[PDB]
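**Q**
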Amino acid sequence: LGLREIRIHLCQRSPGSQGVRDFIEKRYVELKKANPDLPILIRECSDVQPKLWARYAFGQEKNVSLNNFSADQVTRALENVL
Amino acid sequence: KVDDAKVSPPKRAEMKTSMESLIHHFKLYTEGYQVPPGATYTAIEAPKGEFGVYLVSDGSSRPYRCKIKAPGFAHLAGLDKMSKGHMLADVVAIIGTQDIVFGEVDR
Amino acid sequence: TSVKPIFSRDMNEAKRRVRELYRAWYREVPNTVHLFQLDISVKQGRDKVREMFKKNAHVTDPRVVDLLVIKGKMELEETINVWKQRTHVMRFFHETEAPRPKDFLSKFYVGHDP
Amino acid sequence: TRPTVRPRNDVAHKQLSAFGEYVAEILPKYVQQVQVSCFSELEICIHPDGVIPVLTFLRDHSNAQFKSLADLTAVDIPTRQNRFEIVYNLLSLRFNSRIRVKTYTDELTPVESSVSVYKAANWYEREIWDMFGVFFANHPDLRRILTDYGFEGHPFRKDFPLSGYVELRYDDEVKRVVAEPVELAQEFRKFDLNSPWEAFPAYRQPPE
Amino acid sequence: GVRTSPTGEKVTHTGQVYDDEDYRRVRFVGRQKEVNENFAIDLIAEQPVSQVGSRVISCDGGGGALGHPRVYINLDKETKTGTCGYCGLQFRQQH
Amino acid sequence: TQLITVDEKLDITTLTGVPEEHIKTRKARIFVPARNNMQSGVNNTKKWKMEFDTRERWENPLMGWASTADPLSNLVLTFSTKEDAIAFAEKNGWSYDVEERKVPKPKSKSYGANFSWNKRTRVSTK
Amino acid sequence: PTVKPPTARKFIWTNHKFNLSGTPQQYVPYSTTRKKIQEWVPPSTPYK
Amino acid sequence: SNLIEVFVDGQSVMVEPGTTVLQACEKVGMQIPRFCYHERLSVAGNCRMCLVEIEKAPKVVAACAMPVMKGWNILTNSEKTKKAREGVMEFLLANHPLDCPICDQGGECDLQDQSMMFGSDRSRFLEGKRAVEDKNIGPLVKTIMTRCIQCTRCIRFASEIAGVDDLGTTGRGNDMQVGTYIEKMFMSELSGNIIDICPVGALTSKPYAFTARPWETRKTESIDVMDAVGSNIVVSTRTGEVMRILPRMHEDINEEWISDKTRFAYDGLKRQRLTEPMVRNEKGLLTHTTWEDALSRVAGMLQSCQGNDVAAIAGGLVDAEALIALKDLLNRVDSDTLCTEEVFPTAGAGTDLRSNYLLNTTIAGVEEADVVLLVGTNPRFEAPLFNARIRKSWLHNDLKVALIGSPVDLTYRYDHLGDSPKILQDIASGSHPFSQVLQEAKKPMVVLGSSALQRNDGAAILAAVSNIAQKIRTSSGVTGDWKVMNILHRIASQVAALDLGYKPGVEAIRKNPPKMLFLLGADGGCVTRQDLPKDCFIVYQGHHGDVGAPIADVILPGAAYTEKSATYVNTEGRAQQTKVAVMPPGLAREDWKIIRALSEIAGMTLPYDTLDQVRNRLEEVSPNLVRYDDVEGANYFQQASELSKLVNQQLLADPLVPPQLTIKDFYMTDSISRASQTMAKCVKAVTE
Ligand code: SF4
Ligand code: SF4
Ligand code: FES
Ligand SMILES: [Zn+2]
């Protein structure tokens, strides 16, 4: 059918966190303006691999790892998922 | 008893008509007296022999580990040399001739 | 960590001693099941002996395997002597458990049991 | 300080201090702590490579006879790497003195098994093997004294609980005594008795 | 002297009588529920409220080392009599 | 001698005799005990107590007691540092949750500021 | 006790029921403790 | 570098200037015994037990209130130190009655412990022993003022933290009563904390009074509910059925205090509990049965019902494990209307982007603030320890505190800006004598109460608060990562459910009426059978339901907050877990255990078995819920503010008012506090 949720999991001192912070500071109001009803939610804890989880269709949770991806690479993989 | 209310309990008349005696009775029976930390081994001449007690006490109200030297245990250790060259009625006489109670030998 | 051994040097002598002890336990069962007048065939006794040897299979440290060999040799000496009674040899088995199941659902009907 | 306070003597204290210093001088290889307590009993704290040399020295040497052996125990202390403490408790005959040779060990180390130089240590060593779990190498017989044969777990540890894991009862199914897991009839209420407020200031360890 | 539930079994001084849906009614079959038939509440309401002419008065319990330790109680309220926690017997003041 | 050379964890869990149920079922909470708040004394600190989780304590249907199917519940293991606690808990086999030690904050109190002029630290009752 | 029978104390038994094991009248133990946790009561009315 | 040398017992230590002698002796580890010093209150010199000798000095000085001169040398175990301590102890036990058997602090007194470890053995004082008539402070606090030692610690506590000013010393000499002169019931918040403050057994607990003894009840770490702060607690339990809730201490939140409702809300935890799964009987009644019947019924109905028509209202006091299991199951069915009871608005990126639904600064971090403006709340009755933190900050250093919405009985003299959302509009515009104070402030904080956010103006109020936040973000230099804006909540499970990503509010159920709904602790009038089609199939899951439990269809007895290993989140994102102190009475399984067994009996499965696998999926949903007792704040105020700039709502100028207006509405507005009797007694005591 379609998506239900997109979850981002981040940290505060990493080159991968540097890339996804570049993405989430530059192109997040665009994404929320595009899809209204996708609760794409962001979490930050202390230090973890920056996971990206897509939950849809009877508990299919597809997983990509955003380890040291730059912001263009993050946006390209996020559009590959969505 | 001793002249110290913090170890022996005070007598009942002073307990009733005294505040500090009631407080020392109450704490001395709930918590008990504390013991300074350390280890000791004393032994006295019980009728079986050197009855020994080895206390190990962390500084607290409970002992940490006690252990008992039993003269009956030490005597029963040498039953082989006491019954090597004799018969079995003499084995019963050897078991009898040392004051062994089999509750103290267990520890 | 230059540790003093018990008996061995590595796992090779450990495997040698445990297969010696298993050979002894294999040739030690039918004498005892004739002696203590049990109720269990020889094959089931041998299967539970090899089950007791398969229980500790994930042990890797050589001192620990040496100490288990010592435990098994002590109990084999106490069973080849007539010191242990019928009670302890039947206590090795499990006939009076009414054993608790391992499914989550029957652990749920008798609960508070993780 | 005169009534109801135990009077200590200083002659025995000075003599045991001098003798402990003398012992640690003549055996430099195996000696770590030489302590005299306030009530004058000597303690020598020992690495577990010299049990046979220290006890062969102390049974002989003619300036310290120490013929008799008493309690042997290995008090089960957590919080350390080497847990157990083996306490040989040596009593002389010609001298009226008491020394405690305290050697240390962990759970998986053979100490040198003093049965050859003290024949009284046979059942002491076998009992400490059964109750604590410290194996003794080059030793004639290790069996289970003071425990049941089908029982195991080395129960005098702090890790073994107060009530055991097995409990016996007779049943008429198999017409014998069987072992079942423990189902106590009362809780054994543990009391929280260790009150604060530091009843001894002289035993304050220095903080971090 | 004692109350009794309509199940036929005596209550105690603590109200612990069983319901219609228990089995301890069956464990009492053939053997009597040995209840103390002497309640402790009603043997104090029969006591005379003592009137002592001082203001703060002592309570021993009738005998040196036969009784509770001494409690000194105050009698300054006008509508509630002072009450020993050990004894249970009241006092008043007179002036 | 010293023949054995190996750097591995210890596996005493197959030697200590406690069965697999009470090995892999329960869990060890490792904690400094909190100060008994009605009293004011931190002598009950400085000892890392290892305790286990509690389990069912039903009613004994003849008296009204607290029967239990719990051998290991009445243990406490007082330690002196977190590292030896973690080492013993990983050595002897069972799971562990290590909580945190929370020191009292070093404040600065002053009677002279309890009697100030313009500030709002005017106690007005002593 | 014909000299001085002490401490009369009106609550004392005047009967002295003797040792009574193996009778119809003997002691049975029971919990002298009221309701523990007070389970819920369903409503009496139905819906619809 | 501001160091002074003190030789405590000869041993040297460096100590900052200004501190007391007792803080230096605790810096080396010693304890000088004390009765009227307390590490949360002002220092008075009344008790005189604290005396200690300084070398080369004639007098014996008081260690509670002595500053540190250069180069001390302090003898804590000298001759006259011990003589002074034994003397003061021999004075204190004179006018103190023989009540140590009947007393309530008999295991936990301080006269007893110090008269053991410092005092004399034989007594004196053959005649005397005054007795004082006791008072009635409240129906929650039993008061025997005969045992009082006049240490004056209840008074300093009431005046400096409770702010009530009712307790006073009266008289002179021996005749110094400590109490209220005018027979007035001391009834306020934090009235329960006074029983832990009084070190002798004078001010003791009324419902606890004569029921336990502290060497028997074992202590268990646990975490509070019903408050967004989550104070730490220790349940002293008796024998598989508990005793009492003392407060466990945390330095950041809820230091040594506790809420009155928390302290006295376990009578309802043992008064009306559910012990048996219950099914509606076709005569019309509500009978009970075994687990097989109820779970087979719910399983067959859930198998025969899919689509967008399944609802899960998870309100009140529920877990994180229960929420994970429920969301995983109802994900497996088809779809979701998962809701919370209390209504939080989600228009400008509500559930996502963490910063706009929790309390961003530390609760301890409000001490370094300077201008605090409360909007739409009465913080005395909503997390009262946060109010105690505000009053402690306002007392020690300076705070400009301003309140918008209601003239209420805060105890610390707030400035008042009015009751209108147009006032907040004009503050965002920039025309007040107080917005000047904001743009001239240093570290500002705007605290929004969620109680005025329940009404029909929520997104507009939140957008105006984000306007204030972005306004101070722009019209100032960025001094650091200080955070102006934060909201606070009432119930912790709303914070957990918005962390796990639920829909807040019940609007998704108002749009799509379902055929099956799970009430995980629906407290109030969230939904009824009147707001729903005929085939309801309400599955209630919880303990002592009072509203909805007659209305529901299948009753499942869930556990309680002292009775299961849960995972709770406070209002600032810190994860705190409870511990199993008492197993739940009756059949009474846990919540996620019921849900996964329901998944097994239905024609599906949940891919986990035990609680470690549950917490692994908890980390695989949101990662901060495994770093226990630890906080990390969010960011992106600019992105949250620009996402708030799409939908304009009309701000209704009706007078916004919090419901928590007085003592009765603090005491009654929960299920656990509603079920009890002690809350009912103090309700009728306050209202009468
Ligand atoms: S407050 Fe302390 S000294 Fe006074 S009666 Fe109670 S336990 Fe005894
Ligand atoms: S009532 Fe308690 S806190 Fe208040 S002065 Fe008396 S002893 Fe101190
Ligand atoms: S603490 Fe210094 S006088 Fe009470
Ligand atoms: Zn009296």
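Chains as they are written, first to last, in PDB author numbering: chain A2, 13 to 94; chain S2, 324 to 430; chain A6, 14 to 127; chain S3, 7 to 214; chain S6, 1 to 95; chain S4, 8 to 133; chain AL, 98 to 145; chain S1, 6 to 693.
Cβ coordinates follow ideal geometry from the N, Cα and C atoms, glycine included.
1) Short of 7 angstroms Cβ to Cβ, which residues in the region 42 to 64 of chain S1 face chain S4?
2) If you draw a straight line from the C-alpha of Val29 (chain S3) to the C-alpha of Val37 (chain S3), how long is it?
3) Taking C-beta pairs closer than 7 angstroms, name the residues in chain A6 that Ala446 (chain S1) reaches, listed in chain order.
4) Which bits of chain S4 does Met588 (chain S1) rub up against, with CB to CB less than 9 angstroms?
5) Any heavy atom of ligand 2 closer than 8 angstroms to the Cβ of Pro102 (chain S1)?
6) Looking at chain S4, which residues of the region 232 to 253 of chain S1 have a Cβ within less than 7 angstroms of any of its Cβ atoms?
7) With distances taken from CA atoms, which of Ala167 (chain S1), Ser193 (chain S1), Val93 (chain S1) and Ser210 (chain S1) is nearest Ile154 (chain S1)?
8) Using the three-state DSSP reduction, which class does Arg3 (chain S6) fall into: helix, strand or coil?
9) Nearest-angstrom Cα distance between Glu64 (chain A6) and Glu97 (chain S4)?
10) What are the residues that DSSP puts in a beta bridge with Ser29 (chain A2)?
11) Taking 7 angstroms as the limit between beta carbons, can you name the residues of its chain near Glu78 (chain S6), skipping five residues before and five after?
12) Taking 8 angstroms as the cut-off, does the CB of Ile41 (chain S6) come closer than this to any heavy atom belonging to ligand 2?
13) In whole angstroms, what separates the C-alpha of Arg131 (chain AL) from that of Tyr18 (chain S6)?
14) With distances taken between CB atoms, is the gap from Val323 (chain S1) to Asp596 (chain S1) smaller than 9 angstroms?
15) Under 8 angstroms: does the beta carbon of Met150 (chain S1) sit that close to some heavy atom of ligand 2?
16) With a floor of 3 residues, list each beta strand (DSSP E) that falls wholly inside the region 32 to 88 of chain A2, ordered by position along the chain.
17) In this structure, what does DSSP give as the bridge partners for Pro72 (chain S1)?
18) In chain order, what residues of the same chain lie with their CB nearer than 7 angstroms to the CB of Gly14 (chain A2), ignoring the 5 residues before and after it?
19) Excluding the 5 residues preceding and the 5 following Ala513 (chain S1) in the sequence, name in chain order all residues of the same chain whose CB lies nearer than 7 angstroms to its CB.
20) Just jot down, in chain order, the residues whose CB lies closer than 6 angstroms to any heavy atom of ligand 4.
21) By how many angstroms is the C-alpha of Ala416 (chain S2) removed from the C-alpha of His409 (chain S2)?
22) Would you list, in sequence order, the uninterrupted beta strand (DSSP E) runs of no fewer than 3 residues that lie entirely inside the region 295 to 376 of chain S1?
23) I want to check one thing, is the minimum distance from the CB of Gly111 (chain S1) to the heavy atoms of ligand 1 below 8 angstroms?
24) In the structure shown, what three-state DSSP assignment does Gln57 (chain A6) receive?
25) Does the count of Cβ pairs from the region 82 to 99 of chain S3 and the region 107 to 126 of chain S3 closer than 8 angstroms reach three?
26) Please compile the residues from chain AL whose C-beta is within a distance smaller than 9 angstroms of the C-beta of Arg679 (chain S1).
27) At the level of alpha carbons, what is the spacing between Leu97 (chain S3) and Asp126 (chain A6)?
28) Using three-state DSSP, classify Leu82 (chain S4) as helix, strand or coil.
29) Below 8 angstroms, is the gap between the Cβ of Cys159 (chain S1) and the nearest heavy atom of ligand 1?
30) Take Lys181 (chain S3) as the anchor and find which of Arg36 (chain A6), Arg104 (chain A6) and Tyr122 (chain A6) has the nearest alpha-carbon.
31) Looking at C-alpha atoms only, which residue of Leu117 (chain AL), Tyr127 (chain AL), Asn116 (chain AL) and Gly119 (chain AL) is the closest neighbour of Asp22 (chain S6)?
32) Relative to the alpha-carbon of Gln654 (chain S1), which residue among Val73 (chain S1), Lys427 (chain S1) and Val451 (chain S1) has its alpha-carbon at the smallest distance?
33) Is it buried or exposed, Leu199 (chain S3), if we count other Cβ atoms within 10 angstroms and call 16 or more buried?
34) Candidates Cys203 (chain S1), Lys332 (chain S1) and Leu307 (chain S1): which alpha carbon is nearest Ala317 (chain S1)'s?
35) In terms of residues, what are the limits of the beta strand (DSSP E) holding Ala369 (chain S2)?
36) Examine ligand 3 and report whether any of its heavy atoms sits within less than 8 angstroms of the Cβ of residue 3 (chain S1).
**A** Working from what's here:
1) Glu44, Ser47, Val48 and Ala49
2) 9 angstroms
3) Residues of chain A6 passing the Cβ test: none, with the nearest at roughly 53 angstroms.
4) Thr61, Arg62, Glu63, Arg64 and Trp65
5) no
6) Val239, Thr244, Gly245, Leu251, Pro252 and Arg253
7) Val93 (chain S1)
8) coil
9) 27 angstroms
10) Answer is none; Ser29 (chain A2) lacks a bridge partner.
11) none
12) no
13) 9 angstroms
14) yes
15) yes
16) 53 to 56, 63 to 68 and 72 to 77
17) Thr25 (chain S1)
18) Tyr68
19) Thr342 and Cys344
20) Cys59 (chain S6), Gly61 (chain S6), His68 (chain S6), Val71 (chain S6), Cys84 (chain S6), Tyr86 (chain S6) and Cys87 (chain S6)
21) 11 angstroms
22) 315 to 319 and 342 to 344
23) yes
24) helix
25) yes
26) Simply none; closest approach about 14 angstroms.
27) 54 angstroms
28) coil
29) no
30) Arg104 (chain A6)
31) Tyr127 (chain AL)
32) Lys427 (chain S1)
33) exposed
34) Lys332 (chain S1)
35) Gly361 to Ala369
36) Residue 3 (chain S1) lies beyond the stretch modelled for chain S1, which goes from 6 to 693, so this question has no answer here.
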